[PDB]
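no letters, just coordinates:
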Ligand SMILES: *[C@@H]1O[C@H](CO)[C@@H](O[C@@H]2O[C@H](CO)[C@@H](O[C@@H]3O[C@H](CO)[C@@H](O)[C@H](O)[C@@H]3O)[C@H](O)[C@H]2NC(C)=O)[C@H](O)[C@H]1NC(C)=O
Ligand SMILES: OC[C@H]1O[C@@H](S[C@H]2[C@H](O)[C@@H](O)[C@H](S[C@H]3[C@H](O)[C@@H](O)[C@H](O)O[C@@H]3CO)O[C@@H]2CO)[C@H](O)[C@@H](O)[C@@H]1O
Ligand SMILES: OC[C@H]1O[C@@H](S[C@H]2[C@H](O)[C@@H](O)[C@H](S[C@H]3[C@H](O)[C@@H](O)[C@H](O)O[C@@H]3CO)O[C@@H]2CO)[C@H](O)[C@@H](O)[C@@H]1O
Ligand SMILES: *[C@@H]1O[C@H](CO)[C@@H](O)[C@H](O)[C@H]1NC(C)=O
Ligand SMILES: *[C@@H]1O[C@H](CO)[C@@H](O)[C@H](O)[C@H]1NC(C)=O
Ligand SMILES: [Mg+2]
C-alpha cells in the first residue's frame, strides 16, 4: 500500500516505562498507530475509493499487485472518527464512534518512532499495565497482546509497501486472518468474498501472545504457537484458524494454551464485585520465566488492586492444578478438557521463545466477535449447546444468546476500555503492595 497525502498522520503520544529490578522506572515517549484496515484507502491520483463498505473497486484493484500500486492508506482522525484518545500514560478506545459514519472498535500498535513499531523481548521480564474494564459488558473484548510483526511494517522487502508501520501495516496473528486488505506487500482483493469485512484469498499468519483478552465478566491469558513465528502468507482454507472450514489444518495454533480463572474452576476470582473487582481499575502483571537455557517455561500472572498483590487463582479442575501457564499445565488442560493440543504441535513454549527473540509488537484493541459472539471468553457454555458440567465448557456468566454484534453495537454503544501505566522490566520490578 501507498502513503496517502490527503490527511496528515499524527500518531497520538503514549508514554510507557522501563523499570530496574528495584522498582525505579523511566519514561519512554512512544506513540500509537491505527491499524491499516480501519483507514481510508483511495487512489494515489485523488479521492476515489479503492475499497468501500465491504467491496473493492476492481478498476483500481483488478489484482493484488496492481491494487497495492494504485492504492494509498491515508491519515486518521484518531478521536473524531475512531474514538481513540491518548493522554499521558493512558490510551482509551471507544467501542462505537458516531463521526461522519459509524465506526466500531479499533486496533492500535505501540510505536518507537513514526516509521517503526516498538519491539519487545520479554524473556525473564514482566509486562505490567493498569486497565479499566468496568465499561465492557458481555460480548466485548479489550485485548492487549503481542505479535511478531515486522518492526518497519514490511517496507524493507515489499516494494509495493510504502505505508508500513507509519500507517499500521503488517498485521498477522494465530488465526491467519483473511479479512486483511494488505498482506505482505500485496492487496488481498483476489478471492475477496464479502462476509465492513470479507475474506480474501490469503491470510496473514504468525505466533501470538494474548497477554490480556477481557471484559468485566471474564479474562483470559493465552499464548499461541506457530511453525514460523513471524509473518507467513497462507492459501484460503489451508490457512486454518477462524476463517477456515478446517480450523486445525494450518501452520499456527488457533486455540492457544489459555488460563481463564473461571474456565479453570474458580468463579469467585475475577468479575464484578469479585476478588479482582472489575467495577474498578486494577493492575495486571504478566511474568515470562525461563528454564536454565533461557527458553520460556512459565507465564505467571499477578493482579494489584487497592494496593493489595493478588496471586492468580489456582485451577481447581481435577487433573489441572497450579495458577500459571507451564508445559505441565498445558498438557493437562488439553487432555482434561479434550481440546486438540495445537499449542504443543506448533512448538509450544519454544515457539513463544522464538517469537520473543524475533521481537514482539504491542497491540491494543477493542472489538466484538462476528464469529462466536465472544462466547469462548465469557459464556456459561461454549459451545453454547455443551454441558457446563463438562470441564472447560463454562468460561463466564454471560448467557448463550449474549454478544451478538448487531445487538451489542446498539445496547453497549457507550462501551470503552482504558489501558494505562504500561511498565516493562525484570521480574518483580514493576509492582508492589501488601
Ligand atoms: C494466496 O491466495 C491465492 C488465491 O487467491 C493462492 O493462489 C493459488 O495458488 C495455488 C498454488 O500456486 C494455485 O493452485 C494450482 O494452480 C495451478 C494452475 O495455475 C495448478 O497447475 C496446480 O496444480 C494447482 O492446482 C492456484 O491456481 C492459485 N489461485 C489463484 C487464483 O491464483 C496462493 O497460493 C496464496 N498464497 C500463499 C502464499 O498461500
Ligand atoms: O468496522 C471497522 C473496520 O473493520 C475492518 S475488518 C475488522 C473487523 O470488522 C473486526 O471485527 C476485526 S476485530 C479483530 C481485532 O481487532 C483483533 O484484535 C483480534 O485479534 O481479531 C479480531 C477479529 O479479526 O478486525 C478486522 C480487521 O482486522 C474493515 O476492513 C474496515 O473497513 C472497518 O473500518
Ligand atoms: O484473537 C483474535 C481472534 O480471536 C478469535 S476467538 C478464539 C480464541 O482466540 C481461541 O483461544 C479460542 S480456542 C477455543 C476453541 O475454539 C474451543 O473449541 C474450545 O472448546 O475452547 C477453546 C478455548 O476458548 O477460540 C476462539 C474462537 O475462535 C476470534 O473468533 C477471531 O475472529 C479473532 O481473530
Ligand atoms: C472506481 O475507480 C475508477 C477509477 O478511478 C472510477 O472511475 C470509478 O468511479 C470508481 N468507482 C467506485 C464505485 O469507486
Ligand atoms: C517475586 O515475587 C513473587 C510474589 O511474591 C515471589 O513469589 C517470587 O519468588 C519473587 N521472584 C523473584 C525473582 O524474586
Ligand atoms: Mg492474494
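Done, it's in. Numbering: from 1, shown residues only. Ligands and ions are numbered 1, 2, ... in the order given.

for the stretch 301-434 of the chain, which residue gets nearest to ligand 4?
residue 370 (24.7 Å; C-beta to the nearest ligand atom). For the C-beta atoms, the positions are set from N, CA and C on the backbone; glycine is no exception.

okay, now that residue: neighbour count?
Residue 370: 13 surrounding residues under other C-beta atoms under 10 Å.

so it sits in a strand?
No - counting by DSSP: H, G, I helix; E, B strand; the rest coil, residue 370 is not found in a strand; it is coil.

show me the contacts for the residue nearest the centre of the chain.
Closest to where the C-alpha atoms of the chain average out (C-alpha atoms, centre = their mean) is residue 145, at 4.5 Å. Neighbouring residues of residue 145 by C-beta atoms under 8 Å, 6 or more residues apart in numbering: 208-213, 362-363, 365.

which among those end up buried?
Among the contacts of residue 145, those classed as buried by 16 or more other C-beta atoms under 10 Å are 208-213, 362-363, 365.

which parts of this structure sit against ligand 4?
43, 48-49, 57, 59-60 (C-beta under 6 Å from any ligand atom).

among those, which one is most surrounded by other residues?
residue 60 leads these on contacts (other C-beta under 10 Å) with 22 neighbours.

just to be sure, that residue is in a strand?
No - using three-state DSSP, the secondary structure at residue 60 is coil, not a strand.

so it sits right up against residue 68, yeah?
No - with contact defined as C-beta atoms under 8 Å, residue 60 does not reach residue 68; the gap is 10.6 Å.

could you give the residue of the stretch 51-200 of the chain that lies closest to ligand 3?
Counting by C-beta to the nearest ligand atom, the stretch 51-200 of the chain gets nearest ligand 3 through residue 175, at 4.0 Å.

whoops, I mixed them up, the stretch 251-400 of the chain
Closest point on the stretch 251-400 of the chain to ligand 3, by C-beta to the nearest ligand atom, is residue 255, at 3.6 Å.

helix or strand for that residue, which one?
With elements taken from DSSP states H and E, nothing contains residue 255; it lies in neither a helix nor a strand.

for it, which non-adjacent residue is closest in space?
residue 342 (5.6 Å; C-beta to C-beta, 6 or more residues apart in numbering).

repeat for residue 142
Excluding the flanking residues, the one nearest residue 142 by C-beta to C-beta, 6+ apart is residue 417, at 3.3 Å.

for that neighbour, give me its contacts.
Neighbours of residue 417 in contact, by C-beta under 8 Å, 6+ apart: 92-93, 131-133, 135-136, 142, 366.

and what of residue 284?
128-131, 211-212, 301, 303.

redo that, cut-off 10 Å
127-131, 133, 144, 211-212, 214, 219, 221, 276, 301-304, 419, 431 (C-beta atoms under 10 Å, 6 or more residues apart in numbering).

ligand 3 next: which of those residues are close?
Okay, of those, nothing touches ligand 3 (C-beta under 6 Å from any ligand atom).

which ones among the residues you listed map onto strands?
127-131, 144, 211-212, 214, 219, 221, 276, 301-304, 419 (DSSP state E).

circling back to that earlier point, okay, among the residues of the chain next to ligand 4, which ones form the most distant pair?
49 and 59 (11.0 Å; C-beta to C-beta).

shared neighbours, these two?
Each of residue 43 lies in contact with both residue 49 and residue 59 under the rule C-beta under 10 Å, 6+ apart.

for the residue nearest to residue 142, what is the enclosing helix or strand?
strand 416-426.

parallel or antiparallel, which strands does that strand pair with?
strand 13-19 (parallel), strand 90-94 (antiparallel), strand 125-132 (antiparallel) (DSSP bridges).

may I see the buried residues of that strand?
Quick answer for strand 416-426 (16+ other C-beta under 10 Å): 416-425.

residue 295 and residue 355 touch, don't they?
No - contact status for residue 295 versus residue 355: not in contact, 11.8 Å apart, counting by C-beta atoms under 10 Å.

who has more neighbours out of the two?
Using other C-beta under 10 Å, the more surrounded residue of residue 295 and residue 355 is residue 355, with 28 against 15.
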